[PDB]
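Protein chains in written order, with the numbering used here: chain A, 800 to 911; chain B, 36 to 574; chain C, 7 to 87; chain D, 24 to 194; chain E, 494 to 635; chain F, 23 to 284; chain G, 61 to 157; chain H, 43 to 173.
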Amino acid sequence: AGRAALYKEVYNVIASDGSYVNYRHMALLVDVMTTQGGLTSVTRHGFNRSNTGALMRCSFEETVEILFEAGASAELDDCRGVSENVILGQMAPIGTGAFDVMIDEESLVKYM
Amino acid sequence: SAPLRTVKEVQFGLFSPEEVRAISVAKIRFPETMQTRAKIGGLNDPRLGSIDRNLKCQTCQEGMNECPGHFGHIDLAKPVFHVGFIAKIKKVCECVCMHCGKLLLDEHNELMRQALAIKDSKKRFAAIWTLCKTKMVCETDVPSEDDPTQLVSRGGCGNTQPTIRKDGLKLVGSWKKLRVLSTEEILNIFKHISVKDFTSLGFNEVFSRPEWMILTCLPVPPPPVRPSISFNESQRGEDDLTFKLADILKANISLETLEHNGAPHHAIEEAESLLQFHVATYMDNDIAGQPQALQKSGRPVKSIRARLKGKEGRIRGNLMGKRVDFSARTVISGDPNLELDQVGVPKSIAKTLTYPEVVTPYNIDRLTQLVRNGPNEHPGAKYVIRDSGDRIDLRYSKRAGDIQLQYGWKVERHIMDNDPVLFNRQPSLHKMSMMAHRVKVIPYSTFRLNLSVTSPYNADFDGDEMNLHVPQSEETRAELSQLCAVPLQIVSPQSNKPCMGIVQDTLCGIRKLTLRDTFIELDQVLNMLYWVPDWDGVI
Amino acid sequence: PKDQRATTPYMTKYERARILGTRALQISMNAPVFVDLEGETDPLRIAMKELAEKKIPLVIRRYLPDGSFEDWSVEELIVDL
Amino acid sequence: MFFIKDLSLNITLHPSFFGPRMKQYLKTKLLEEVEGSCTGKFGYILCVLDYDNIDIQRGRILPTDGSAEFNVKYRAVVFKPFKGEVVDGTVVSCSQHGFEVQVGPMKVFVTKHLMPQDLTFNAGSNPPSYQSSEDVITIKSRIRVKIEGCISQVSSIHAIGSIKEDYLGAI
Amino acid sequence: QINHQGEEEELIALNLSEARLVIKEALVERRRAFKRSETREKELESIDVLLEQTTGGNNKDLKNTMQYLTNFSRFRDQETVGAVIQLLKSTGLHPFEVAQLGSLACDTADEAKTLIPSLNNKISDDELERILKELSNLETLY
Amino acid sequence: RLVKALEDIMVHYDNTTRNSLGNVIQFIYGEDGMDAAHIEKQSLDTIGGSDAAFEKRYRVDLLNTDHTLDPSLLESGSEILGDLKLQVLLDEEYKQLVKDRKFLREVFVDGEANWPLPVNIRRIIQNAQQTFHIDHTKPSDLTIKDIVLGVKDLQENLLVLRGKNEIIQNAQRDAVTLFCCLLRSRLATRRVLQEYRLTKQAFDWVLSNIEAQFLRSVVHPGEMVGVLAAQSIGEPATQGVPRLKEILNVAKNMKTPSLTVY
Amino acid sequence: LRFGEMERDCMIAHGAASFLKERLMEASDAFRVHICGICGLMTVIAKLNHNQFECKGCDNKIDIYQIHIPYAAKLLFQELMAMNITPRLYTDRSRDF
Amino acid sequence: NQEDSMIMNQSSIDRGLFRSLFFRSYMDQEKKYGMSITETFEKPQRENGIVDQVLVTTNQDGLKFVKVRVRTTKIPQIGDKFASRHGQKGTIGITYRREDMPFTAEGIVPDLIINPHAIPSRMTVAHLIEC
RNA sequence: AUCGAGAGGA
DNA sequence: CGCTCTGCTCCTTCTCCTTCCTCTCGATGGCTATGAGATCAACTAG
DNA sequence: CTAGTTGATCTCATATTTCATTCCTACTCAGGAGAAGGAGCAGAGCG
Ligand SMILES: [Mg+2]
Ligand SMILES: [Zn+2]
Ligand SMILES: [Zn+2]
Ligand SMILES: [Zn+2]
């Protein structure tokens with residue numbers, strides 16, 4: 800129910816200004832804030848204190864403190880995030896990079 | 036050379052002191068960074084990153100260009116506390132049996148049994164700390180929950196545990212019957228913690244052990260991390276870290292000196308604190324307590340933490356967002372006679388930005404003409420790259436009329452018409468404010484945009500500026516021309532509405548034009564019809 | 007798992023963009039062109055022509071979140087964009 | 024010594040070779056960096072068992088450029104030394120302080136420090152063989168050596184041979 | 494061990510003699526592939542011919558490798574080589590030990606134990622004495 | 023701050039929405055799996071109007087005189103009148119609409135009958151009329167049976183999820199539950215014969231177009247939905263706002279707590 | 061010019077993965093380093109003139125890989141190195157399927 | 043002149059409208075103190091404008107000083123900002139020859155054209171009164 | 001060159 | 001009913017905290033020495 | 001191949017000891033909200 804109330808609440812703020820934003824964009828935001836069975840804020844004490852990739856979490860507002868915790872706990876990062884591939888200068892697994900391209904030898908050799 | 040791979044995962048951890056000793060290529064012993072031009076082998080020696088023109092870099096050659104640094108080594112006379120782990124160190128000692136090597140609690144208590152069942156390592160010991168911190172005794176015999184009359188002889192020490200309080204860079208243990216905890220004793224007890232106890236505490240036996248939280252040997256960052264300095268006329272003006280490392284070296288040398296000779300016990304105690312203080316601030320010069328390190332010039336010393344913390348650090352200021360090349364910035368003006376996806380680019384700007392087109396049978400004839408023109412005329416190139424990478428400069432050679440192109444070569448072609456490019460208005464608030472435009476070269480010094488495309492940018496011709504970014508590869512070109520192309524963002528997902536339209540005088544002009552009272556003579560009509568580029572020639 | 011592939015049969019815009027970019031990049035490297043030449047010197051026009059007649063010899067590997075993947079031939083993918 | 028194992032190799036192919044001929048051209052490529060190769064894990068790779076039935080497992084296009092990458096698998100024959108291994112090999116060249124002897128595909132340096140002290144260098148012999156004792160070792164004569172470890176090098180793999188032992192003498 | 498085909502294959506300690514047999518087989522296989530596209534003296538030259546046409550002769554070491562292996566080959570006739578396979582492998586010997594016995598010349602168990610440290614502490618001397626005599630006579634047949 | 027929280031939320035090829043960890047956030051993007059750029063406000067007729075107004079616009083009876091279909095509308099006139107087989111289909115259709123009418127009331131308590139939905143059906147129909155100048159003054163060649171089966175056939179091809187399992191199939195029906203209710207409203211038997219005097223050639227073209235139009239509007243997997251949503255929320259904030267700062271931050275000690283008791 | 065955070069955020073919305081990588085590596089900071097397979101550390105002695113590689117402390121001369129990363133990233137690791145942290149980089153995912 | 047940009051009479055510029063000068067004085071010092079430090083500027087062996095004045099002098103410490111002033115003429119150009127006395131700032135959208143401009147009966151030709159749409163949204167009725 | 005501060009513009 | 005216990009609430013401490021671009025000015029960057037004795041190496045020639 | 005002589009280069013005690021080793025903080029000036037740990041208290045169970 801709080802998820803519905805949160806949506807009904809933020810909708811008022813945006814609607815009050817006279818601007819209109821689609822249902823999806825507001826719906827996604829409240830859903831992310833309540834996947835943990837609770838209102839996870841977007842502050843350093845909210846979203847940041849999550850289990851997401853350690854390297855991605857460092858860059859938001861707390862960096863040196865975060866690295867120590869990851870280093871002390873021997874945290875392993877899977878590099879499945881966006882920032883990780885940005886830091887390491889690789890193609891992020893998003894958009895055009897969410898898949899892979901293979902050479903079809905069977906079709907290529909077939910097409911003579 | 037070696038196989039090429041891409042990083043799949045990152046594993047964090049702490050250096051094992053033996054690992055630090057092994058990785059290093061030189062032992063640092065002298066605070067001196069210099070005599071006249073030679074460099075002392077005890078610091079910044081050739082075994083680290085050599086200075087330019089010196090292809091040594093511990094036999095890596097390559098100068099500073101293609102050779103990274105190689106780490107040094109320092110062996111502290113007395114171990115010191117790592118600053119970042121002070122809080123965790125306090126937490127850990129609050130749970131270990133304090134010179135018995137075990138945990139204060141044990142599986143025989145139901146409360147912690149649930150804590151041990153917690154899958155999250157970070158939350159695991161947090162729950163444990165809430166329990167063991169309150170236990171002030173590690174009695175050998177603990178009654179069993181299943182059998183109250185039966186006790187388990189676990190606690191080797193069986194004595195009480197002091198209340199541990201943080202005081203500056205040191206911890207004080209108030210025994211319930213009061214002294215400063217000794218750094219050495221922490222290593223002993225931590226070394227006595229069983230591997231099984233690591234897991235309950237969230238550590239990793241091969242990447243993070245409690246004893247490694249105490250520094251016994253300092254890794255020495257190589258010169259590139261603290262680049263050799265030439266701000267002034269042969270004046271060193273070296274980086275702060277070099278000065279700070281020398282300061283620690285001075286302290287470290289003194290500490291062993293006092294202990295080795297004379298042994299003025301009390302003087303050794305303060306000497307250790309100075310070593311602890313200098314090392315502590317060297318990594319983080321921002322602590323809760325008063326102590327703030329000040330450079331000889333009078334400004335605070337910029338520890339490593341400052342180089343990373345906050346904006347302008349290595350992460351936000353140099354990794355997430357960074358200075359880029361192949362870009363231009365100038366003022367914008369309107370042009371009704373310019374299509375949406377098109378944009379006017381100054382010849383001067385177009386004459387400097389380049390694109391490395393590959394020589395192929397389809398364009399070897401055309402590219403040759405551009406080379407013949409040279410970098411002076413607009414439709415030309417600046418550099419020609421051979422197969423081996425010999426970056427020919429057309430500016431400083433008459434060979435522009437002599438060079439012969441070969442398939443596989445790259446030509447730094449000038450930006451020409453219809454080349455996809457990316458605009459950007461600061462701030463880039465939302466998606467519509469970064470779109471890919473086609474190029475038309477305009478003979479003036481300002482970007483020319485269509486009017487109807489100003490709305491998505493939130494732009495205005497009152498003196499605004501736009502940044503221009505040019506892709507350097509065919510694949511990047513395709514995505515700009517297939518994803519960021521202006522016509523593809525006509526409908527904005529923001530509000531389901533077309534983010535663009537007819538605005539300003541054109542919007543007002545149509546209203547007058549389409550009134551029921553407006554009529555057009557024959558002479559006027561013919562001119563209007565011709566202005567339509569898609570007209571079929573039928574009146 | 008070629009049997010009962012649960013992904014869409016259409017050609018995702020991102021897939022179209024990346025396939026066109028990769029094919030144009032290969033063409034710029036003097037790769038064997040599989041379609042007749044109509045004077046389109048630019049590699050990207052050749053790539054679009056190749057995609058129009060399903061003459062691109064490539065297969066996409068769509069990755070599902072768990073780590074599995076599905077191989078879709080560029081020929082079978084339905085281009086509706 | 025000699026073993027058979029299923030090895031894997033990653034091969035990068037330039038786009039220009041994307042003709043149908045690639046199917047066999049890639050196989051051809053395999054040969055020039057599998058035939059007679061050097062490695063510290065398997066020793067020397069001599070030949071590829073099951074030359075046909077080449078494993079390709081589909082090519083992956085590097086996102087950087089058009090060059091493709093194939094993780095070819097193949098059964099291969101390798102030769103690997105072991106500590107204390109006795110081998111009957113031949114002598115290639117003599118030396119002042121020992122011999123150089125060929126053990127199949129690998130080289131073994133039979134040093135003077137590890138032959139019996141009664142066996143001494145004879146400068147007057149042609150070739151300069153060791154003939155002061157019964158263990159007459161020369162280029163044209165066979166030899167039996169013991170491998171006291173293998174000091175493998177990046178470019179090649181060579182071991183140390185000894186005759187200061189009861190068995191595995193000259194010839 | 495496990496191969497790259499998904500099969501748990503044991504360490505194939507290939508004997509020197511059977512190693513020569515399989516290299517010959519692979520060479521003839523390559524020869525047919527291009528077509529589409531026993532005393533030591535005879536074997537040494539015949540295999541040298543095989544190597545000299547399958548390749549360009551640049552890899553001289555392999556010819557030096559292959560030639561001397563024939564010179565020291567102890568079981569050249571593949572038909573009789575089959576005997577020493579089941580004779581050695583069927584006894585439960587370690588494959589490396591089987592390769593050790595099938596590539597060198599030995600006659601008595603004590604010599605095998607001294608030459609092979611692994612067998613010196615766990616081998617049944619009776620089996621070694623019986624087989625080594627048999628292989629010793631078999632070796633002379635070549 | 024808002025972007026970093028939603029930076030790594032992407033639509034995966036399974037059509038769900040996940041973050042970097044793989045945690046599921048929305049089992050279907052936006053609860054319908056439709057790209058925002060292909061949506062637009064459309065009117066749901068079955069919601070508004072009085073019961074009689076709804077009845078006279080949709081109810082068709084081949085037996086009684088209240089809802090008699092005019093024979094002049096169709097080439098087949100009295101042949102349809104009195105046909106019980108066709109009458110059963112109309113009763114099922116009318117009952118189907120009746121369920122939708124009372125169903126949508128629960129979904130939209132306020133009764134608002136203008137909501138964003140994919141595929142502007144009205145525009146397609148108008149294009150169909152002008153496409154080949156359908157003559158609106160002659161009987162049509164369509165049949166009641168063809169209209170009913172054709173519409174039902176269309177609902178089967180509106181595939182947002184491709185899995186053959188019960189869970190996917192159950193979700194698939196839910197995804198297009200609102201959109202199909204719009205189809206049955208504007209493709210009703212009476213409307214397609216009286217208001218929209220289409221022909222056999224038109225009707226087949228219209229249905230085939232809706233399917234193509236609908237599928238093209240499906241959200242493309244790989245879309246970076248997370249950033250796209252955060253930017254959309256943030257940008258109007260540049261134009262109440264302290265309250266927004268009070269929402270993103272939990273701010274338990276709010277400024278103006280209030281209750282609305284009915 | 062600076063390719064700020066919002067500048068990359070817009071491209072992430074566009075999904076242009078290749079362009080974003082190009083803006084951050086080819087445009088600037090492109091750098092090649094060698095990594096020990098045993099330890100994900102940039103402590104490989106690469107005598108490239110002689111094709112000789114080594115990792116003192118691991119005695120590894122066979123397991124080396126090249127990785128292209130921003131020069132700024134190399135610093136970030138090396139400053140973490142000096143801070144007693146070990147950002148070990150591995151080119152093989154622990155979990156396959 | 044759709045947005046705040048404006049159309050300007052090219053021939054008006056040629057006759058001297060909004061012409062401007064621009065001075066930019068450079069500086070350099072002789073050397074540091076005398077403890078084995080010296081440097082001079084006597085043409086050692088191996089912006090856009092003219093030199094206005096080269097001033098050679100010495101500070102109170104006896105060090106030779108050189109101040110060079112270079113002037114240049116900056117003519118109005120497309121994109122150069124202009125503004126009235128009411129916050130109506132804008133840039134030269136384009137320049138037209140005199141013949142192309144609209145002209146009154148008397149032959150007076152405008153020196154500057156600005157967009158009507160700037161008036162209502164900005165509510166600069168004071169600007170109209172001044173005109 | 002460096003940091004440091006100030007002014008100003010988008 | 002007094003002892004003791006423990007959670008529970010309460011009430012301090014105690015941190016730790018915010019687009020893009022162009023100019024100008026200005027303080028400071030700064031090391032510690034003397035050569036000379038004695039050791040290594042560079043050149044040279046038989 | 002190698003001893004010799006002399007350029008070059010590493011390491012140290014000789015000279016200057018001079019003249020006192022700066023000060024005392026002042027000042028207000030922003031700041032707010034959340035997290036941590038001590039402290040008290042009181043009823044609940046126990047002796
Ligand atoms: Mg403006
Ligand atoms: Zn180096
Ligand atoms: Zn203890
Ligand atoms: Zn290593």
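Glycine residues also receive a C-beta, built at the ideal position from the N, C-alpha and C atoms.
(Q) Taking the beta strand (DSSP E) that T389 of chain B belongs to, which residues open and close that run? (A) Along the second sequence, read from residue 1 onward, the residue named residue 389 of chain B stands at position 354. First-last of the beta strand (DSSP E) with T389 of chain B: 389 to 393.
Q: Determine the contact status of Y561 of chain E and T113 of chain D, defining contact as a CB-CB distance below 9 Å.
A: Within the fifth sequence, the letter at position 68 stands for residue 561 of chain E. Within the fourth sequence, the letter at position 90 stands for residue 113 of chain D. Going by C-beta atoms, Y561 of chain E is nearer than 9 Å to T113 of chain D.
Q: Under 8 Å between beta-carbons, which chain E residues line up against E58 of chain D? List them in chain order, please.
A: Locating residue 58 of chain D in the fourth sequence gives position 35, counting from the first residue. The answer, in chain order, is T548, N552, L555.
Q: Return yes when at least one heavy atom of ligand 3 lies under 8 Å from the C-beta of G237 of chain B, else no.
A: Here residue 237 of chain B is taken as the residue at index 202 of the second sequence, counted from 1. For ligand 3, no non-hydrogen atom lies closer than 8 Å to the CB of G237 of chain B.
Q) Say the cut is 8 Å; is the CB of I98 of chain G nearer than that to a heavy atom of ligand 4? A) Along the seventh sequence, one-based indexing puts residue 98 of chain G at 38. Yes, ligand 4 has a heavy atom inside 8 Å of this Cβ.
**Q.** Cutoff 6 Å; reference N564 of chain E; Cβ partners in own chain excluding five residues on either side
**A.** Your numbering for residue 564 of chain E matches position 71 in the fifth sequence. Around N564 of chain E: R533.
Q: Can you grab the Cα-Cα spacing for the pair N144 of chain B / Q185 of chain B, in whole Å?
A: Locating residue 144 of chain B in the second sequence gives position 109, where the first residue counts as 1. Locating residue 185 of chain B in the second sequence gives position 150, where the first residue counts as 1. Straight-line Cα distance between these residues: approximately 14 Å.
Q.
Measuring only from the beta carbon, is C118 of chain G closer than 8 Å to any heavy atom that is part of ligand 4?
A. Taking the seventh sequence and counting its residues from 1, the one referred to as residue 118 of chain G is at position 58. Set against 8 Å, the gap from the CB of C118 of chain G to the closest heavy atom of ligand 4 is smaller.
Q) Looking at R349 of chain B and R342 of chain B, is the spacing between their C-beta atoms short of 9 Å? A) Counting from 1 along the second sequence, the entry for residue 342 of chain B is found at position 307. Counting from 1 along the second sequence, the entry for residue 349 of chain B is found at position 314. It is a contact, given that the beta carbons lie within the stated cut-off.
Q: Have a look at the DSSP bridge pairing and note the partners of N51 of chain H.
A: Indexing the eighth sequence from 1 puts residue 51 of chain H at position 9. In DSSP, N51 of chain H forms a bridge with H:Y138.
(Q) Between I886 of chain A and chain G, is the shortest Cβ-Cβ distance under 9 Å, so that the two count as touching? (A) Indexing the first sequence from 1 puts residue 886 of chain A at position 87. So yes, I886 of chain A belongs to the interface.
Q) Which residue or residues does DSSP assign as beta-bridge partners of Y97 of chain D? A) The residue you call residue 97 of chain D lines up with position 74 of the fourth sequence. Bridge pairing for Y97 of chain D: D:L30 [DSSP].
Q.
Quick check: is the beta carbon of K19 of chain C nearer than 9 Å to any beta carbon in chain F?
A. Reading the third sequence from its first residue, position 13 is the one you call residue 19 of chain C. Interface with chain F (9 Å Cβ-Cβ cutoff): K19 of chain C is included.
(Q) Tell me the rounded alpha-carbon separation between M102 of chain G and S59 of chain B. (A) For the purposes of this step, residue 102 of chain G is identified with residue 42 of the seventh sequence, where counting begins at 1. For the purposes of this step, residue 59 of chain B is identified with residue 24 of the second sequence, where counting begins at 1. Approximately 12 Å, taken between the alpha carbons.
Q: Could you check what DSSP says for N223 of chain B in three-state terms: helix, strand or coil?
A: As a working note, residue 223 of chain B is residue 188 in the second sequence. In the structure shown, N223 of chain B sits in a helix (DSSP, three-state: H, G or I).
**Q.** Neighbourhood of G409 of chain B by C-beta, 6 Å cutoff - its chain only, sequence neighbours within 5 removed
**A.** As a position in the second sequence, residue 409 of chain B is number 374, starting the count at 1. So the list reads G415, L429, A435, once near-sequence residues are dropped.
Q | Three-state class that DSSP yields for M54 of chain C in the structure shown | A | Translated into the one-based positions of the third sequence, residue 54 of chain C becomes position 48. Note: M54 of chain C maps to helix in three-state DSSP.
Q) Based on the DSSP output, what are the partners of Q71 of chain H in its beta bridges? A) If you number the eighth sequence from 1, residue 71 of chain H lands on position 29. Per DSSP, H:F107.
Q) Does any CB atom of chain D fall closer than 9 Å to the CB of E904 of chain A? A) Start at 1 with the first residue of the first sequence, and residue 904 of chain A comes out as number 105. Yes, because at least one Cβ of chain D sits closer than 9 Å to the Cβ of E904 of chain A.
Q | Through-space distance from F79 of chain G to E502 of chain E, alpha-carbon basis | A | Taking the first residue of the fifth sequence as 1, we reach residue 502 of chain E at position 9. Taking the first residue of the seventh sequence as 1, we reach residue 79 of chain G at position 19. Distance between the alpha carbons of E502 of chain E and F79 of chain G: 46 Å.
Q: Could you pull the start and end residues of the alpha helix (DSSP H) that residue 309 of chain F belongs to?
A: Outside the displayed span of chain F (23 to 284) sits residue 309 of chain F, for which this structure offers no information.
Q: Can you pull the chain C residues whose beta carbon is under 8 Å from the beta carbon of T834 of chain A, in chain order?
A: For the purposes of this step, residue 834 of chain A is taken as the residue at position 35 of the first sequence. Close to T834 of chain A, with beta-carbon spacing below 8 Å, lies no residue of chain C; the smallest spacing is near 15 Å.
(Q) I need the boundaries of the alpha helix (DSSP H) containing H60 of chain F, first residue and last residue. (A) The residue you call residue 60 of chain F lines up with position 38 of the sixth sequence. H60 of chain F -> no alpha helix (DSSP H), and no H or E assigned at all.
(Q) Please report the straight-line C-alpha distance between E904 of chain A and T51 of chain D, rounded to a whole angstrom. (A) Locating residue 904 of chain A in the first sequence gives position 105, where the first residue counts as 1. Locating residue 51 of chain D in the fourth sequence gives position 28, where the first residue counts as 1. Spanning the two alpha carbons is a distance of roughly 16 Å.
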